[PDB]
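Visitor: Submitted below is the structure of interest, expressed as structure tokens.
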Amino acid sequence: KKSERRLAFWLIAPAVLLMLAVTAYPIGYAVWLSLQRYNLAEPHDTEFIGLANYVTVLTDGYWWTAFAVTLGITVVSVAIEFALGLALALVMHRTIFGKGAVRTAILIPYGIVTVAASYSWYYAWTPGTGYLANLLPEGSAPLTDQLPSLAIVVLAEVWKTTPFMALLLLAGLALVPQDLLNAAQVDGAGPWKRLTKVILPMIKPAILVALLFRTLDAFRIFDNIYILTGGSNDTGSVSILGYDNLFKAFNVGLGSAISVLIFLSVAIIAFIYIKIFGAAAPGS
Amino acid sequence: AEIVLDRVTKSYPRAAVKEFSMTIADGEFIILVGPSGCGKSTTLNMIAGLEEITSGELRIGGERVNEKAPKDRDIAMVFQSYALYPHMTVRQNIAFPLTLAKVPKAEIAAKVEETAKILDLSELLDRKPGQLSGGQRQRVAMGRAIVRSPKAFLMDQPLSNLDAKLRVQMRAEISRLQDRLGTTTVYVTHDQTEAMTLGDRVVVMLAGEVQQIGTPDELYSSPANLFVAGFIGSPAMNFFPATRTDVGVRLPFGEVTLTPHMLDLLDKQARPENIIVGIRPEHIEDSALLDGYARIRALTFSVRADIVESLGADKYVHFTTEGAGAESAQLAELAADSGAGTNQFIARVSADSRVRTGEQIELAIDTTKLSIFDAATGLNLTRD
Amino acid sequence: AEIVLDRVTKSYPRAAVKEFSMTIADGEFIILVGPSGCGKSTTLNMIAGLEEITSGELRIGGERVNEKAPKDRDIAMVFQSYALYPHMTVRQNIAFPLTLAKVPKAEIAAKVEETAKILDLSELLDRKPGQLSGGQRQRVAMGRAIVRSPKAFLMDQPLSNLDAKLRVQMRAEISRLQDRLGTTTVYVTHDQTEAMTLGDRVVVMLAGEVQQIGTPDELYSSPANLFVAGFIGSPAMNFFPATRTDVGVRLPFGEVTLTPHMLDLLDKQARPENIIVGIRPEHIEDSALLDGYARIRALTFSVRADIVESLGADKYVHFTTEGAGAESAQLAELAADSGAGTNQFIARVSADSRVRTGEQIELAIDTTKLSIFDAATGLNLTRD
Amino acid sequence: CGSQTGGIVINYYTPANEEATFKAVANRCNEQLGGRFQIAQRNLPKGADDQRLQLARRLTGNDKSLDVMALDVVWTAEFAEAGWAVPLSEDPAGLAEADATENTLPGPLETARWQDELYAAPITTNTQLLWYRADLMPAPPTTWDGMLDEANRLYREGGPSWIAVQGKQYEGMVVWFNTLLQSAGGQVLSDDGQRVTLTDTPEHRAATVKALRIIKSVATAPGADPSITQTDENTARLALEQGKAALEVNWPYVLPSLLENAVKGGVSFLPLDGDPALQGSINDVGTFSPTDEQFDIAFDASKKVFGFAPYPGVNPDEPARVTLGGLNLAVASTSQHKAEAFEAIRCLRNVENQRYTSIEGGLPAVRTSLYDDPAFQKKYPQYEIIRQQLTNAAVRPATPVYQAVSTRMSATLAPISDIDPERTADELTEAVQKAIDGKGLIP
Amino acid sequence: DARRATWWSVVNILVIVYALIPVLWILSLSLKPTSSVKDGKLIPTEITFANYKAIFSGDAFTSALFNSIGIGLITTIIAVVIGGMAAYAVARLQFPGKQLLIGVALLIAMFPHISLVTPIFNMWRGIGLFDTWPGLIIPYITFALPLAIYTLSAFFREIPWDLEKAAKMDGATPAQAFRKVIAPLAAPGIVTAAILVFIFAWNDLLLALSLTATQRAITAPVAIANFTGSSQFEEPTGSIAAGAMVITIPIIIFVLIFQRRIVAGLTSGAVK
Ligand SMILES: OC[C@H]1O[C@H](O[C@H]2O[C@H](CO)[C@@H](O)[C@H](O)[C@H]2O)[C@H](O)[C@@H](O)[C@@H]1O
């Protein structure tokens, strides 16, 4: 037909125009801006340097340390989140007592603000004040070290952001008819042999969408490191590096170059997860 | 092999399958039949170890098995919703139990091929269970069950999700298969057509208490209860109350002089004074086509045919006589599903009657096998 | 009221309702029965105005209607999936086509109360159709369909989603209900049982084109096609191939020379080279019980019954043959769904036949209800 | 009902370390202007390089609600060369320069003018001191080696053993290292900040390696603070307040902090709330605000516990050269009305309000006519040391790129527990030089 | 039985403790008196309310709550309207390239904030729009539309549109039918989608931290991230925990009240 299709275009034009006029124009601007020597203190002289604002970022120490830190946090946090969220989903889906209290307890760390969660984890791991650092040996302070500080950031991120992954995995899992498990149980599989040959290959799209969401949302963390470590000890992730280089040095050429490079990193991740491993849309 | 059980029960936090006992022989085809709500699906599950039996024995072979998980007994249940994995291929479905049972993969291929050759899905061993029709879907289910050569092959109303036409062919196919393989089988069902078509015995349950074990012929032509006389219905039985003439029985629209034999079987075993007579729809005919019985040696009457259906070699003639037929042991639950309305009677006349919807009729009843009953106990009085 | 249509059609980017012509009067109860995917539900919609007429007229009593609205076309459909609004209450669900018709609230109360009293859901008038069951939900749907007292009343398989048993009760309900109200009806279904029970005429449709119109008896006992006689009569009437022997017809088990009367009646037209012969299952009577003059003129034969079934008033025996009897012009479309088994037939015998599986039976085929057709065009030669 | 219209309000930005002693001054001067205008008081973070972040984020992205700002002493060059912080010779009247140059100390005032003309009028002149508990140790260290010795002696005895020095990846550590580098003889940048001179000459090389050795002796001494690599100006104050430390080097605003925290509960080695004479001393809003007798009685009992002393030198017979702190009031270049803003920066640094700020806010005062008042020399007891520590001071490089240098040479020393006295010197020279040239990424 | 019941009791208690122990640390720290906060006692002996009696004295944590609520409501209204207009066309209409629009939306819902804040801070949306409400409503809409599209498409595909045909069997008026049969069916899905969008557009820190200066247009996450303490010469742990607890509750109550809707909306209606 043509009437209904023209009406579809008329109904879709608002959202599409809005989204790619306030998501693609910022990136076109950031590119045109990274091609320049644009300091925010003296903006009267911004000459055009071809690509010496990407070389300066890609051949500098502070860029690769931040990239390594954010990749480490991403992979470790996403793995622990997947495991623990599969556990939470199987508990919220197959429990005999009140499964309303459990959904409530799981929605509490989903609606809370990341800033308050990070303050809780910051005061918990401070010696003297915190109960979680008052049980370590004497004179430890596991928040002024690099690797322990990173472990604590991973723990904060896992706690805060596992319930959303759990709910997505449950959205996938509640589409497993009980009959299938009853048949696998008659077949002689057992509790673990079926979790790997009946229920896991069934929720492949839910697992893949949850992994994509988690990987990107962990690649774009700013506050669990802002108000918990601050970026000291060479801990700050790539978002904190962009924030620092834009607002503490005023160089917006380098700030927008870092913006473009982060966008390309996220694009490569979300292209791997899509062209490889499948992971189509949930509305497919 | 040969599955035995006795004294078995269940308890939900209630007597669900209380007081159950039988010895299903090697090849004997038990049909656990009953109305939705009776303990058929749950006694099946119990046999399949999905719920540990509360009290009693569970002897596949001759030994206690009510402790071993379903992974051990080698039962190979089929399900009503065709539980078959979509993420697999038909051959991988069929070979799932066998690949879990540690079979050599060459023998895997050979045996799955023989199983798919027995059935008629032979070429479908590469598609997925999302591009299949109901017949071959349920056939894939049965094929997955066949392969193990199980010990008590037990089904769970597999033909419930199909249409109302392919079920005939599927009944024939299950019968032919079962007769070829030769394995013990128990078959939860929902109607009487299957329970009378495919079966060596029948177990008519009401809410948990078995009412009769017996071959379909003996379950039909000699019921042991009201429920097992009205549940094997076709045109369900017609439950007229009546009186004790002390020479015969006086119907609401007639009076019989039954016989001396049934008379002494009724009198020598005295009972309270309430007798609900039953006359199956086959025996009722139009007096205009017969002379032997319909005369003085029968009970004729007249009624306006509220509706007549000439649906082939048999004209069903309904009629509604006034009075009462309620107030019995279990006819309340019997009529909860069928025979709605306190008075709605059927008569099966031959395919050459002269009637239409809205004129009188002269119906007679062959007073030879009218099945009297009781009310204070419900038990039949013709035979056990 | 009086719905007359002719030469209606349809087109799909396909003439789905090509060559449809009928004249339904007042009070009649027309069925539109056909196999799956046929032109039944589409001609129903086309009557209702949901799919416009591609070519033809639809004068529903007053004037041409094919260019009118649903609010003045044939009113009061009742869908299959029971399209009923969950947020509203049963009261509002029933009263919707009334309140939408600006009828005052007191009269709404009275009319909806009496309509819910026609059925048995009056004490359910306050619930929401999310906490209701299939039977009462069907009752709500038809009760909404009733209140208007419209000109004509067109149903769409309302008894397809119900359970296995309640269908017969709801069938009797629909029959009594249309007998009381008296509205012109069309009723699309998928089976011959209902289409013969509740019906005043029958429209068997295959690929869109009508096959035979008329009284259910006129369709069962006088078919004008292979498809009509292989569709109605649920146990598909047996089929055998043969050719004319210039005196009668010949089979590997019987040599049928019926009569010179039907001989000349067949010779009054052109004699084809490929003839197909059909016998209903209900005309095979087991000479062991045929004590009469029909014992000699029975053309009896013998075969080992592969499977017998005594489901009550009649023993159904199965048996197989040899050769090739899959010659089909409409039998292929028939067996696409049901009718599996190239050599597989069934015979009905009285319940006093001491025959079982594994032995020979003398199946008597009394050649008096024979129906023979042409293998080329399937048209009937004996009757019209 | 209050979109935007109304009487003039002059948003006055200060660090959060003075959100009460400057709200009190804004309240003392508001009611004096009568009906002309009012002086609000917005605040900035506590970090010394985070308030520059906020202030420049408001200045670059044009924020028309920024009128006066209290910027540090090392930001006048970068805030004047960049166009912000309009000079003092730009009024509708033209007398704020006459007001600024009039009475201030020369030390702080010379840190306001960028080339020859002023750009901000000073309001405060900080200077680090040595605070030590007086009942634990007599005769304070007076030398960093003696300081480390005293910490070790108190660790072996089993008391407060920390040192509570501001070692953290922020401007406070560069202040510390600059004091220790100027005392020994070196200096970060040349006179004109054109070339790095940390490790230029073996004299300067020895000075910087000695400063690094002293930075590493602390923070690796046994018994030292477990978290000394994440401490700052505040946590050292509270460290000595809560009894954990027994020495500390920190700005002179710690005496009123200790007095208030004692008289409202807080410390345990100094009750001051069992005294019935201190009741009703604590102000209603929260500050201390004592009488003369109440301050005398809250100081007589804090003179036998918590004496102070001058910053410990780097050699036995060479006094220390501490660095300048302070605040300079400058009127932003994104203010629509900058005659009233200059009147605000002219009536926020009156002689009164300077007595107030200094006496009961800690922050020293820049007016030279106060240090000779006999009541002031009695209520501000650390007027002595501060004075005799502004003579030989150590002003930070004061160049228009200084914050880049101070964010490279504070990440070269990022965890101070693990530095290398001889390797970190060359790492520092390379880092500082690549900051002067301008090429790289800020950590 | 008792074994499985005991195991499930243990698992439920463990999940509840795991999910509540870092929320009852903030509270137990905000109720601890200043003289003894430096005690690792997870249970606050000798509580006192002198840390909440000093957070509201001065409209610094209330105006931020008002700004966050207003921004959330306005971006929720706009995102719901536009995403509904665009999610009714991907749940009922059949136009070419609709399995790509949902993918692109859900992909650019994971856009990283940093790559957006360097150009935005310079744009026309930084030329007289620095810290106002529109300057924050725009990027919040950027990040909130795809959630609205996804949730509303989940909430639309399930309603039966054959009910519309059933309605048009009575009068056939499409306006009255779509208003009285389709609107009361869809409305709760729209309200749940709005709840979810408002919750998701309430906790962002980077954009509201880089594009907000004054007392107007400064959300709550930024007001607490910049919080230093009530008094200037006393330890700020109790005061910062008090501020965090003040900001957290107005959304914890939300999620607790609307849990049955949120769980079913996030799961595309799978669980009920
Ligand atoms: O006296 C209280 C002040 O302490 C800090 O001020 C110092 O901060 C930097 C060192 O961390 C120095 O550069 C600065 O010159 C010092 O004044 C604090 O930053 C200020 O807010 C206080 O007023």
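To be explicit about the labels: the chains of the structure tokens are called A, B, and onward in the order shown, and within each one the residues are counted from 1, while ligands get numbers from 1 in the order they are shown.
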Do a neighbour search on residue 10 of chain A at 10 Å with only C-alpha atoms, toss out local chain neighbours closer than 5 positions, and write the hits as number ranges by chain.
Guide: A: 4-5; E: 85-86, 89
Visitor: Quick one: pick out all alpha helix (DSSP H) residues within segment 100-309 of chain D from a backbone DSSP run and write them as a VMD selection string.
Guide: chain D and resid 100 to 103 106 to 109 144 to 157 171 to 184 202 to 217 233 to 241 254 to 263 292 to 300
Visitor: Keeping only C-alpha atoms, take the residues you just selected and write them out as a PDB file, in the first residue's frame.
Guide:
```pdb
ATOM      1  CA  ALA D 100      43.681  48.371  46.514  1.00  0.00           C
ATOM      2  CA  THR D 101      47.195  49.821  46.440  1.00  0.00           C
ATOM      3  CA  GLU D 102      46.486  51.987  49.495  1.00  0.00           C
ATOM      4  CA  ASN D 103      47.049  49.942  52.646  1.00  0.00           C
ATOM      5  CA  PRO D 106      53.425  44.467  49.725  1.00  0.00           C
ATOM      6  CA  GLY D 107      53.854  40.688  49.609  1.00  0.00           C
ATOM      7  CA  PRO D 108      50.261  39.794  48.738  1.00  0.00           C
ATOM      8  CA  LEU D 109      49.738  42.898  46.605  1.00  0.00           C
ATOM      9  CA  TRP D 144      62.292  18.096  59.096  1.00  0.00           C
ATOM     10  CA  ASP D 145      64.818  15.512  60.296  1.00  0.00           C
ATOM     11  CA  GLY D 146      63.884  16.281  63.894  1.00  0.00           C
ATOM     12  CA  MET D 147      60.243  16.081  62.845  1.00  0.00           C
ATOM     13  CA  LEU D 148      60.697  12.561  61.454  1.00  0.00           C
ATOM     14  CA  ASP D 149      62.658  11.666  64.590  1.00  0.00           C
ATOM     15  CA  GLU D 150      59.818  12.857  66.831  1.00  0.00           C
ATOM     16  CA  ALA D 151      57.249  10.894  64.835  1.00  0.00           C
ATOM     17  CA  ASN D 152      59.358   7.747  65.177  1.00  0.00           C
ATOM     18  CA  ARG D 153      59.844   8.313  68.907  1.00  0.00           C
ATOM     19  CA  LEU D 154      56.097   8.631  69.425  1.00  0.00           C
ATOM     20  CA  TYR D 155      55.539   5.502  67.337  1.00  0.00           C
ATOM     21  CA  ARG D 156      57.948   3.442  69.442  1.00  0.00           C
ATOM     22  CA  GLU D 157      56.202   4.784  72.551  1.00  0.00           C
ATOM     23  CA  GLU D 171      47.778  21.841  44.347  1.00  0.00           C
ATOM     24  CA  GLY D 172      48.565  21.344  48.036  1.00  0.00           C
ATOM     25  CA  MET D 173      51.346  18.910  47.234  1.00  0.00           C
ATOM     26  CA  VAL D 174      52.896  21.388  44.815  1.00  0.00           C
ATOM     27  CA  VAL D 175      52.743  23.975  47.605  1.00  0.00           C
ATOM     28  CA  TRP D 176      54.550  21.526  49.888  1.00  0.00           C
ATOM     29  CA  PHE D 177      57.187  20.597  47.321  1.00  0.00           C
ATOM     30  CA  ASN D 178      57.692  24.254  46.441  1.00  0.00           C
ATOM     31  CA  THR D 179      58.330  25.161  50.063  1.00  0.00           C
ATOM     32  CA  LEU D 180      60.824  22.299  50.343  1.00  0.00           C
ATOM     33  CA  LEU D 181      62.472  23.237  47.036  1.00  0.00           C
ATOM     34  CA  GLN D 182      62.785  26.959  47.762  1.00  0.00           C
ATOM     35  CA  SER D 183      64.138  26.310  51.265  1.00  0.00           C
ATOM     36  CA  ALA D 184      66.969  24.132  49.951  1.00  0.00           C
ATOM     37  CA  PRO D 202      74.116  20.463  40.337  1.00  0.00           C
ATOM     38  CA  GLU D 203      73.179  23.025  42.994  1.00  0.00           C
ATOM     39  CA  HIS D 204      69.563  23.042  41.806  1.00  0.00           C
ATOM     40  CA  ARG D 205      69.791  19.294  41.201  1.00  0.00           C
ATOM     41  CA  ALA D 206      70.901  18.755  44.800  1.00  0.00           C
ATOM     42  CA  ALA D 207      68.126  21.029  46.069  1.00  0.00           C
ATOM     43  CA  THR D 208      65.389  19.187  44.183  1.00  0.00           C
ATOM     44  CA  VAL D 209      66.706  15.727  45.057  1.00  0.00           C
ATOM     45  CA  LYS D 210      66.844  16.760  48.727  1.00  0.00           C
ATOM     46  CA  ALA D 211      63.256  18.012  48.567  1.00  0.00           C
ATOM     47  CA  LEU D 212      62.238  14.669  47.065  1.00  0.00           C
ATOM     48  CA  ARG D 213      64.148  12.770  49.752  1.00  0.00           C
ATOM     49  CA  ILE D 214      62.271  14.680  52.452  1.00  0.00           C
ATOM     50  CA  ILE D 215      58.944  14.072  50.701  1.00  0.00           C
ATOM     51  CA  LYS D 216      59.746  10.349  50.639  1.00  0.00           C
ATOM     52  CA  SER D 217      61.054  10.065  54.209  1.00  0.00           C
ATOM     53  CA  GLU D 233      44.186  20.547  53.926  1.00  0.00           C
ATOM     54  CA  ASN D 234      41.064  19.321  55.719  1.00  0.00           C
ATOM     55  CA  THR D 235      41.988  15.740  56.600  1.00  0.00           C
ATOM     56  CA  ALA D 236      45.204  16.935  58.262  1.00  0.00           C
ATOM     57  CA  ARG D 237      43.217  19.422  60.351  1.00  0.00           C
ATOM     58  CA  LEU D 238      40.766  16.736  61.431  1.00  0.00           C
ATOM     59  CA  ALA D 239      43.645  14.278  61.827  1.00  0.00           C
ATOM     60  CA  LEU D 240      45.285  16.387  64.518  1.00  0.00           C
ATOM     61  CA  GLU D 241      41.858  17.274  65.922  1.00  0.00           C
ATOM     62  CA  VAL D 254      43.309  25.717  62.349  1.00  0.00           C
ATOM     63  CA  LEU D 255      43.313  27.492  65.727  1.00  0.00           C
ATOM     64  CA  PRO D 256      39.655  28.638  65.514  1.00  0.00           C
ATOM     65  CA  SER D 257      38.763  25.247  64.038  1.00  0.00           C
ATOM     66  CA  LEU D 258      40.211  23.470  67.063  1.00  0.00           C
ATOM     67  CA  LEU D 259      38.654  25.982  69.465  1.00  0.00           C
ATOM     68  CA  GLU D 260      35.170  25.626  67.971  1.00  0.00           C
ATOM     69  CA  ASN D 261      35.353  21.839  67.641  1.00  0.00           C
ATOM     70  CA  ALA D 262      36.491  21.641  71.257  1.00  0.00           C
ATOM     71  CA  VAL D 263      33.823  23.982  72.634  1.00  0.00           C
ATOM     72  CA  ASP D 292      36.718  38.644  75.073  1.00  0.00           C
ATOM     73  CA  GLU D 293      36.579  36.779  78.392  1.00  0.00           C
ATOM     74  CA  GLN D 294      35.132  33.647  76.796  1.00  0.00           C
ATOM     75  CA  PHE D 295      37.913  33.596  74.212  1.00  0.00           C
ATOM     76  CA  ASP D 296      40.477  34.150  76.956  1.00  0.00           C
ATOM     77  CA  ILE D 297      39.067  31.175  78.870  1.00  0.00           C
ATOM     78  CA  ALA D 298      38.869  29.029  75.712  1.00  0.00           C
ATOM     79  CA  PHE D 299      42.490  29.926  74.934  1.00  0.00           C
ATOM     80  CA  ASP D 300      43.962  29.546  78.423  1.00  0.00           C
TER      81      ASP D 300
END
```
Visitor: Could you give the RMSD, in Å, left over when chain C is least-squares superposed onto chain B across all Cα atoms paired sequentially?
Guide: 1.0 Å
Visitor: Which residues of chain D come within 10 Å of ligand 1, and what is each one's closest atom pair and distance in Å (one decimal), counting only C-alpha atoms and all ligand atoms, sorted by chain and residue number, as a Markdown table?
Guide:
```
| residue | atom | partner | partner_atom_place_in_ligand_line | distance |
| --- | --- | --- | --- | --- |
| D:14 | CA | ligand 1 | 21 (O) | 7.6 |
| D:15 | CA | ligand 1 | 21 (O) | 4.7 |
| D:16 | CA | ligand 1 | 21 (O) | 6.4 |
| D:17 | CA | ligand 1 | 21 (O) | 4.8 |
| D:18 | CA | ligand 1 | 23 (O) | 6.2 |
| D:19 | CA | ligand 1 | 21 (O) | 9.6 |
| D:44 | CA | ligand 1 | 21 (O) | 8.6 |
| D:45 | CA | ligand 1 | 21 (O) | 8.0 |
| D:46 | CA | ligand 1 | 21 (O) | 5.5 |
| D:47 | CA | ligand 1 | 19 (O) | 5.7 |
| D:48 | CA | ligand 1 | 19 (O) | 4.4 |
| D:49 | CA | ligand 1 | 9 (C) | 8.1 |
| D:50 | CA | ligand 1 | 19 (O) | 9.3 |
| D:51 | CA | ligand 1 | 19 (O) | 8.5 |
| D:70 | CA | ligand 1 | 21 (O) | 9.6 |
| D:71 | CA | ligand 1 | 15 (O) | 9.5 |
| D:72 | CA | ligand 1 | 15 (O) | 5.9 |
| D:73 | CA | ligand 1 | 15 (O) | 6.1 |
| D:74 | CA | ligand 1 | 13 (O) | 7.3 |
| D:75 | CA | ligand 1 | 13 (O) | 9.7 |
| D:124 | CA | ligand 1 | 17 (O) | 8.3 |
| D:125 | CA | ligand 1 | 17 (O) | 7.4 |
| D:126 | CA | ligand 1 | 17 (O) | 5.5 |
| D:127 | CA | ligand 1 | 17 (O) | 7.8 |
| D:128 | CA | ligand 1 | 1 (O) | 8.6 |
| D:166 | CA | ligand 1 | 11 (O) | 7.8 |
| D:167 | CA | ligand 1 | 11 (O) | 9.8 |
| D:168 | CA | ligand 1 | 11 (O) | 9.5 |
| D:170 | CA | ligand 1 | 11 (O) | 7.1 |
| D:171 | CA | ligand 1 | 11 (O) | 5.0 |
| D:172 | CA | ligand 1 | 11 (O) | 3.3 |
| D:173 | CA | ligand 1 | 11 (O) | 7.1 |
| D:174 | CA | ligand 1 | 10 (C) | 7.8 |
| D:175 | CA | ligand 1 | 10 (C) | 5.9 |
| D:176 | CA | ligand 1 | 10 (C) | 8.3 |
| D:232 | CA | ligand 1 | 11 (O) | 7.3 |
| D:233 | CA | ligand 1 | 11 (O) | 6.3 |
| D:234 | CA | ligand 1 | 4 (O) | 8.4 |
| D:250 | CA | ligand 1 | 1 (O) | 8.2 |
| D:251 | CA | ligand 1 | 1 (O) | 5.0 |
| D:252 | CA | ligand 1 | 1 (O) | 6.3 |
| D:253 | CA | ligand 1 | 1 (O) | 5.3 |
| D:254 | CA | ligand 1 | 1 (O) | 8.2 |
| D:323 | CA | ligand 1 | 15 (O) | 7.9 |
| D:324 | CA | ligand 1 | 15 (O) | 6.1 |
| D:325 | CA | ligand 1 | 15 (O) | 3.1 |
| D:326 | CA | ligand 1 | 17 (O) | 4.4 |
| D:327 | CA | ligand 1 | 17 (O) | 6.7 |
| D:361 | CA | ligand 1 | 1 (O) | 9.0 |
| D:362 | CA | ligand 1 | 1 (O) | 6.9 |
| D:363 | CA | ligand 1 | 1 (O) | 5.2 |
| D:364 | CA | ligand 1 | 1 (O) | 7.8 |
| D:395 | CA | ligand 1 | 15 (O) | 9.9 |
| D:396 | CA | ligand 1 | 13 (O) | 8.9 |
```
Visitor: Between A:122, A:131, A:25, A:213, single out the one closest to residue 161 of chain A, counting only C-alpha atoms.
Guide: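 Smallest distance to residue 161 of chain A is found for A:213.
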Visitor: Just the residues within 6 Å of segment 202-209 of chain E, please, counting only C-alpha atoms, with nothing from its chain fewer than 2 positions along; format it as a compact mmCIF listing (two decimals) with N, CA, C and O atoms, in the first residue's frame.
Guide:
```txt
# COMPACT_ATOMS: atom_id res chain seq x y z
N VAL A 113 20.22 6.44 43.14
CA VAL A 113 21.11 7.29 42.37
C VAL A 113 22.53 6.76 42.48
O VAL A 113 22.96 6.35 43.57
N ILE E 199 12.25 7.69 35.55
CA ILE E 199 13.26 7.12 36.43
C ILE E 199 14.62 7.10 35.73
O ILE E 199 15.65 7.38 36.35
N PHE E 200 14.64 6.79 34.44
CA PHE E 200 15.91 6.70 33.73
C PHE E 200 16.52 8.07 33.47
O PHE E 200 17.75 8.18 33.33
N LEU E 211 26.85 21.22 32.26
CA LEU E 211 26.03 22.27 31.66
C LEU E 211 25.12 22.95 32.68
O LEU E 211 24.04 23.43 32.32
N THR E 212 25.54 22.97 33.94
CA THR E 212 24.70 23.60 35.00
C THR E 212 25.59 24.40 35.96
O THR E 212 26.53 23.81 36.52
N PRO E 221 21.63 14.96 41.52
CA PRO E 221 22.95 14.31 41.50
C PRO E 221 24.11 15.28 41.49
O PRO E 221 25.17 14.97 42.05
N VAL E 222 23.95 16.44 40.87
CA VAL E 222 25.03 17.43 40.88
C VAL E 222 25.05 18.19 42.19
O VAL E 222 26.12 18.59 42.65
```
Visitor: Using only C-alpha atoms, I'd like every residue of chain B that has an atom within 6 Å of chain C; please write them out as a PDB file with C-alpha atoms, in the first residue's frame.
Guide:
```
ATOM      1  CA  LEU B 166      -6.724 -35.612  12.451  1.00  0.00           C
ATOM      2  CA  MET B 196     -12.933 -46.785  24.260  1.00  0.00           C
ATOM      3  CA  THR B 197     -10.943 -46.827  21.005  1.00  0.00           C
ATOM      4  CA  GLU B 309     -30.980 -34.239  13.885  1.00  0.00           C
ATOM      5  CA  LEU B 311     -26.867 -36.512  10.836  1.00  0.00           C
TER       6      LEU B 311
END
```
Visitor: For residue 431 of chain D, find every residue with an atom within 10 Å (counting only C-alpha atoms), except residues of its own chain fewer than 2 positions away, and show them as a ChimeraX atom specification.
Guide: /D:196,404-405,407-412,425-429,433-436,440
Visitor: Tell me as a PyMOL selection string which residues belonging to chain B come within 10 Å of chain A, counting only C-alpha atoms.
Guide: chain B and resi 48-50+69-88+96-101+144-145+148
Visitor: Residues of chain A within 10 Å of chain D, counting only C-alpha atoms, what are they? List them as a ChimeraX atom specification.
Guide: /A:40-43,56-57,59-63,66,126-127,138-146,229-236,240-242,244-251,254-255
Visitor: With 10 Å as the limit and counting only C-alpha atoms, what residues in chain E lie close to chain C? Please list them as a PyMOL selection string.
Guide: chain E and resi 160-173+176-177+181-182+184-185
Visitor: Between atom CA of residue 225 of chain A and atom CA of residue 119 of chain A, what distance in Å does the model show, to one decimal?
Guide: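 Between atom CA of residue 225 of chain A and atom CA of residue 119 of chain A the gap works out to 10.9 Å.
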Visitor: I need the residue nearest residue 58 of chain A from this list: A:162, A:205, A:257, A:108. Use only C-alpha atoms for the distance.
Guide: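 Counting only C-alpha atoms, the residue closest to residue 58 of chain A is A:257.
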Visitor: Quick one: everything within 9 Å of residue 84 of chain E, counting only C-alpha atoms, minus sequence neighbours fewer than 6 positions away in the same chain. Send it as an MDAnalysis selection string.
Guide: chainID E and resid 148:149 152:153 190
Visitor: Those selected residues, please, written with N, CA and C atoms and delivered as a short mmCIF file (atom, residue, chain, number, x, y, z; two decimals), in the first residue's frame.
Guide:
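File produced: result-v7.cif:
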```
data_model
loop_
_atom_site.label_atom_id
_atom_site.label_comp_id
_atom_site.auth_asym_id
_atom_site.auth_seq_id
_atom_site.Cartn_x
_atom_site.Cartn_y
_atom_site.Cartn_z
N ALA E 148 11.55 5.22 25.53
CA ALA E 148 10.12 5.36 25.30
C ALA E 148 9.68 4.53 24.10
N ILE E 149 10.43 4.59 23.00
CA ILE E 149 10.09 3.81 21.81
C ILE E 149 10.05 2.33 22.14
N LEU E 152 7.16 1.45 24.78
CA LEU E 152 5.82 1.62 24.23
C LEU E 152 5.56 0.64 23.09
N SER E 153 6.58 0.26 22.33
CA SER E 153 6.40 -0.79 21.34
C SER E 153 6.11 -2.12 22.01
N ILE E 190 1.13 3.39 28.58
CA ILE E 190 1.73 4.71 28.44
C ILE E 190 2.21 5.23 29.79
#
```
